[PDB]
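Reading through the structure tokens given below for one structure.
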Amino acid sequence: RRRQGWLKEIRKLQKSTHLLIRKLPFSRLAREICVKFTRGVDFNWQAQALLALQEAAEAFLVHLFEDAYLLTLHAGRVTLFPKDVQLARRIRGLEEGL
Amino acid sequence: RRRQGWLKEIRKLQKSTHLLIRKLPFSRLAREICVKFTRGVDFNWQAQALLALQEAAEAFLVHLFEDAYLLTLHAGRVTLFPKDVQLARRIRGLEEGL
Amino acid sequence: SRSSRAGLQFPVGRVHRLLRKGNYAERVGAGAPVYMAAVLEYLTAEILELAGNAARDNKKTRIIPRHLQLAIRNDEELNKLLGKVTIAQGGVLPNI
Amino acid sequence: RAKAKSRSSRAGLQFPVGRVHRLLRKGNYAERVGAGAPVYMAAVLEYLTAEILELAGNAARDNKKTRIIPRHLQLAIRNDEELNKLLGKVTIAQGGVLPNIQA
Amino acid sequence: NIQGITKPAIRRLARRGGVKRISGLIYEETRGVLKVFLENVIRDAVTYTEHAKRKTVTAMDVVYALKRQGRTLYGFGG
Amino acid sequence: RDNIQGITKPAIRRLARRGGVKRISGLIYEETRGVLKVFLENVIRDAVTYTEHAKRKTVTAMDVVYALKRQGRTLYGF
Amino acid sequence: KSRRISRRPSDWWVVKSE
Amino acid sequence: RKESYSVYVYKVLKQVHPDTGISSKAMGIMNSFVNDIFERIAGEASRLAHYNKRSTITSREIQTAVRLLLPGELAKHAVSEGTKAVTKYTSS
Amino acid sequence: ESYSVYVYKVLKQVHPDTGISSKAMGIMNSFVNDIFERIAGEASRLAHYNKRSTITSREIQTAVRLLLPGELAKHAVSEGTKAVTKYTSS
DNA sequence: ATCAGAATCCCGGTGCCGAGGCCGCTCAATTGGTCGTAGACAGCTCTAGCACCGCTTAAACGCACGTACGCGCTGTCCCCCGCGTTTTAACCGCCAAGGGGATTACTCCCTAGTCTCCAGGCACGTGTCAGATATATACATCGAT
DNA sequence: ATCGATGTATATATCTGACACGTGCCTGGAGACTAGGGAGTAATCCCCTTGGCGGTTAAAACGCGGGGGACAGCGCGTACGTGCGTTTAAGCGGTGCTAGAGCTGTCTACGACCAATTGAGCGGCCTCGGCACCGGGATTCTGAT
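Protein chains in written order, with the entry's author numbering: chain A, 42 to 139; chain E, 42 to 139; chain C, 16 to 111; chain G, 11 to 113; chain F, 25 to 102; chain B, 23 to 100; chain V, 519 to 536; chain D, 33 to 124; chain H, 35 to 124.
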């Protein structure tokens, strides 16, 4: 029984620096979403391309979450709602939020 | 007795397109700002430069107010607050709010 | 007389001189000015048709910069292309 | 002829001045490049690298580490107000977020 | 001299922005954000002019500064 | 068995904890999966374009960082 | 040396009054 | 002297609308707009050509440039409008 | 090709006992490449705006003044004015 | 439910000044020809992405439970908003003086270009230690009591 | 509010794969001379800017009633954190393969470049009509009934 353990998780995750999402499902999802615009022919993917893609994706996502947390604290609550992250994406701009 | 007359003002100001700030105090403010970085010497201004600067400043201010009012109604209230516009500047980005 | 060779309105020689003087690259192709003039003509034709609609619904035969802002903000693609722009004497969209 | 002295040695800098000269000549920025233009560029690049490497060394000294890892670069670049403005639009690979907890 | 952007002016700007109610504490920070925006844009335009051997800031340099900052403005460019 | 639900709940939870989030509602996991889709629909669609200009059939690491730099948010070290 | 001074103002961005 | 695209936008405006006029401010707006769009696609094509070790700006480069710059739907017509001119230009 | 020497040289000059990983070397390489590209593009549009074909020392100085923030640029400017005055001294 | 007075819409009138059409000038687009080379094409080689298998194991999934909190309501205090009166400086209109923006002409010192030689930078190789990891020890702690 | 057992910070061995240096080699950088032109510099003129005076007037400022609004307190039920059992697919490693990246040789059709020619595009003039403004009239809510 460990009480208020989310603080330890937050400290350890902000102290670490490794990638959070796994590599194989991310590569599978990337290939499945890249098969749409390649007009139907399978494409290869370099070893560093998937790594750079995962890094950019996690950086963008963590920035979106840390910015939406300010909006959630501004509303006087502490839980995250999808309307808050939608509003954050809307105020960020057309290119920045989408 | 004219009650709730702000909506008519909103519609009239949104339908119009002219500049809202007067030109003489804005030009005085622009000269007061420009005299600081020119190390003393007096500079001359063109007739269209001040107009373009006023148009850009009005566009910036109307963007800030129109994206901060939705933050205020996101918190539940209808009064615009300076903490809300400060948070809007913080979350809009380095080049969008600043 | 090859400005209207491809059936366009924009000049191909002026954009060719602009490409050669803009120092974008040391060499320029032959069909590149024609292609660029065509795409610019298409873009301006689209925005001008939208502005013509936004002027005819106001009973004005003379286009104004307000109608330009209205036409560029009604369509979502033109707004996505011109996101960080500001139109002079263009009022904000009538939203409440 | 005389001895082959590089212009980087005669300018008191460590960055190559002939390399950036060739890069500006092939960079298609203008058909003519000045003489003192690569020297100024080399000087400011040398100053910027010195500033970021000094910050990185300060960020790695306290951790009892004598090797610069990409995490140290992020920690050093996000602790400087001006460098954060210069590198605000960019993100650094393999770099964690600054530890900040809201009240 | 920063009192030029008066209270009804900022009020009218907020009305054009769709805002309904305006607190009384806004007029101490909207002037500051206008001041910092102008101090950025005017400084960029004035170093644009100072690069050349001129002493009068023109409308071309202002729109050049605005384009370099990120918010381009049409109409006066030419 | 769709590849979009591969991003499990603890993964998004760890992402939010890295972001500094204290409490997360249950409807967030279904929302960000769309957002992470759209962000991954815009980047690679540019990246493949950089590989369509050349006569190649692979997406190298140079094309992804090039597309990211064209978008605005770029990456160092590649 | 006279290396650039570093302060920690309350504001994240060092635009107004350093 | 001064250069502008005022006559060509007037011709295309008369083509799309036979009885509609244009003001002077809108003229400068359209002029600055087309200049900005041209500069954007030309610079982007130059960067792409320098990326692929190319020194010539062939029509393929600006095609990929406009396909990358413009949104999805408009590009579907843009590439359909450029080549249709090119195929006409090669008709001589 | 990519230059990893000069970075190591200036690192040993600023710190006699600190090394650097290979990934951080690539980070610094990409960083200086991007900064060089930004300053050069700024100087290029500067020279193009004033009907000039040569990029003299004034263009790059004004370009770095526009790009780099306020407190740093001054320092940087000094470095520039400390470099060329020696380069033309010989 | 039921209704009249300013708010709004529309019509006609007058105006007036900016848009569009026309004319003259003129230099940039066109034509013709030539020459050098960037790239298309082929072809050849080596590699790195892909596919599979076997095994391992840590993370994910689910289920139950407890309690912290989003949400709705109520009450009280107060402070922007609307309205009236008084004050003022923004603006219009006009004039005058001159500062330097822009243009022209002359000259010349900087720079592209070419050649010639060589050393600083890159590929490769290899010894060596900074640090990731495991284990043990000293110390602050946050929930039960 | 003190005490412990849970976690936390630190000390010691190991061993390793990346890091630092050393060597060999060569292509890019430097020294030297040329000839050509973009840029520095002086003249000038006149266009645009600044400054000031008078007269007006809508806009700003000030004061005051008030009622709508922000905020605090509180109860409730729900939805998410936590712990444990279970299972599943990520991941390591090992092998094999070939589609395709990458380098090289070649030949050419394509584009730069120069001279002569002129017509499409730009500057100036005008002239008139579409649009702003104002007065009158009809309508339609919104506070009033």
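Even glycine gets a Cβ: it sits at the ideal position worked out from N, Cα and C.
- With a 10 Å radius around the Cβ and a threshold of 16 neighbouring Cβ atoms, residue 81/C comes out buried.
- Where residue 42/H is concerned, the enclosing alpha helix (DSSP H) starts and stops at 39 to 48.
- Closer than 8 Å to the CB of residue 60/F there is at least one CB belonging to chain V.
- For residue 92/F, no Cβ of chain E is located within less than 8 Å of the residue's own Cβ.
- Collapsing the DSSP output to three states places residue 79/E in coil.
- Listed in chain order, the positions of the stretch 61 to 78 of chain H with a beta carbon within less than 7 Å of a beta carbon of chain B are 61, 64, 65.
- Taking a beta-carbon distance threshold of 8 Å, residue 533/V counts as an interface residue toward chain F.
- Minimum Cα-Cα distance from residue 530/V among the listed residues 94/G, 58/G, 106/G, 113/G corresponds to 94/G.
- Within the same chain, and ignoring the five residues on either side of residue 113/E in sequence, the residues whose Cβ sits closer than 8 Å to its Cβ are 119, 120, 121, 122, 125.
- Per DSSP, the continuous beta strand (DSSP E) segment holding residue 102/C begins and ends at 100 to 102.
- With contact defined as three or more Cβ pairs closer than 8 Å, the stretch 72 to 91 of chain D and the stretch 92 to 109 of chain C are not in contact.
- With its beta carbon less than 8 Å from one in chain F, residue 107/C belongs to the interface.
- Between residue 63/C and residue 39/D, the CB-CB gap reaches or exceeds 8 Å.
- For the stretch 105 to 123 of chain H, the beta-carbon criterion of a distance under 8 Å to any beta-carbon of chain G is satisfied by 105, 106, 109, 110, 113, 114, 116, 117, 118, 120, 121, 122.
- With respect to residue 26/F, residue 55/F sits close: the two C-beta atoms are nearer than 8 Å.
- Within the DSSP bridge table, the entry for residue 81/F names 86/E as partners.
- When secondary structure is reduced to three states using DSSP, residue 107/G falls in the coil class, being assigned neither helix nor strand.
- Contact check for residue 59/H against residue 48/H fails: the beta carbons are separated by 8 Å or more.
- If you look at residue 83/H, you'll find it in the alpha helix (DSSP H) that goes 56 to 83.
- Between the stretch 70 to 79 of chain C and the stretch 32 to 52 of chain C there are fewer than three inter-stretch CB-CB distances shorter than 8 Å, so the stretches are not counted as touching.
- For residue 98/B, the three-state secondary structure derived from DSSP is coil.
- Using a 10 angstroms sphere on the CB of residue 49/F, the tally of other CB atoms stays under 16, which defines it as exposed.
- Here the stretch 127 to 135 of chain A lies against the stretch 125 to 138 of chain E, with 3 or more beta-carbon pairs under 8 Å apart.
- In this structure, the alpha-carbon of residue 58/E lies about 11 Å from that of residue 100/E.
- Under the Cβ distance rule, residue 51/E counts among the residues neighbouring chain C, one pair being separated by less than 8 Å.
- With a cutoff of 8 Å on beta-carbon distance, residue 55/D and residue 79/C are scored as near each other.
- DSSP lists 77/C as the bridge partner or partners of residue 53/D.
- Closest in alpha carbon position to residue 73/E, among 110/E, 86/E, 117/E, is 86/E.
- Residue 39/C and residue 84/F have their C-alpha atoms roughly 22 Å apart.
- Here residue 30/F carries a coil assignment [DSSP, helix/strand/coil].
- Judged by DSSP in its simplified three-state form, residue 92/B adopts helix.
- For residue 83/H, the nearest CB of chain F lies under 8 Å from its own CB, placing it at the interface with that chain.
- Residue 40/F sits close to residue 55/E, with the two beta carbons spaced by under 8 Å.
- Proximity of residue 135/E to chain G, defined by a Cβ-Cβ separation below 8 Å, is satisfied.
- Only those residues of the stretch 77 to 105 of chain G whose C-beta falls short of 9 Å from the nearest C-beta of chain A are listed: 79, 80, 81, 84, 101, 102, 103, 104, 105.
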